[PDB]
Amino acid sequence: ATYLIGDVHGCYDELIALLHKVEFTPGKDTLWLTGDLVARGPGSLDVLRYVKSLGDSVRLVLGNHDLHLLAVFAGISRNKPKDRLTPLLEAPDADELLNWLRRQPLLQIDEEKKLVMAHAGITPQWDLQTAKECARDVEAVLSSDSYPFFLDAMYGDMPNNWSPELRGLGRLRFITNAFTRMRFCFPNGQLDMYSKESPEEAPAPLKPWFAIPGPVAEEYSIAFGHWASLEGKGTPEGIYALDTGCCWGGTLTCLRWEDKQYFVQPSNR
């Protein structure tokens, strides 16, 4: 079977309890994870150890807090006490875990299921070929010996409009924002980097990225996490918002793909 789980945010106990609920069995089943495995919850270290141990039985995409962790590890960004990353950063296997993490994809595609996953979703300004090329470009810098330079460059809110003509730092910053930070779009598809509210509370003319018809969503289902204030609600057919705020005291949500059946684990806090 195929299971898709939203943002774990270091909630190791809830993750394992949820996988036991569905009797997840590596080798018979595959787990997809929307990213943001780390930060805020208490068990980022255990989560990373476990997900890395699954090997081919897990398909991960990187989220904005996974990239922040990599920036802290590389000395690019300052550690925030609220993220609770110190046990992972001080672990004896921190190098092994984080060098594995930076090699994971930004985008997962399964053609037989017609299923696409990314942390924040797929901007409607991208077709599938463009999404694949952009993911490959950022994955290449992250898996290279020079990834701290990219992590430093990635921070920024502009440009917010895609063009095939974008080059250099602006192109990478847009790609990173589209995959890992996106929520709202202007009607023409441009990213808004400021509003984090629910769709009902957002100022006009902002619309969720998934409310704007895009070429990927016309042909593929899209699963994503990231947008906790959405609470997993309000999406069109074929759009699966899996982040139900476990680390925030909400719940951890698991979707089984074959029958679209949901399983929920209450937050322990």
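The numbering used is simple: start at 1 and walk along the sequence shown.
Two stretches are in play, 96 to 104 and 126 to 134, and the higher mean C-alpha B-factor belongs to 126 to 134.
Look at the mean CA B-factor for 148 to 156 and for 68 to 76 in the entry; the higher one is 148 to 156. Across 38, 51, 217, 33, the entry's maximum B-factor at the CA atom is seen for 217. In this structure the maximum Cα B-factor among 61, 204, 47, 223 is found at 204. Residue 10: CA B factor lies in the lowest third for its chain, per the PDB record. Looking at the C-alpha B-factors along this chain, the one for residue 81 belongs to the middle third.
Per the PDB record, residue ranking by Cα B-factor puts residue 119 in the lowest third of the chain.
Annotation for residue 88: C-alpha temperature factor in the lowest third relative to the rest of the modelled chain, per the entry. Ranked against the other modelled residues of its chain, the C-alpha B-factor of residue 176 as given in the entry falls in the middle third.
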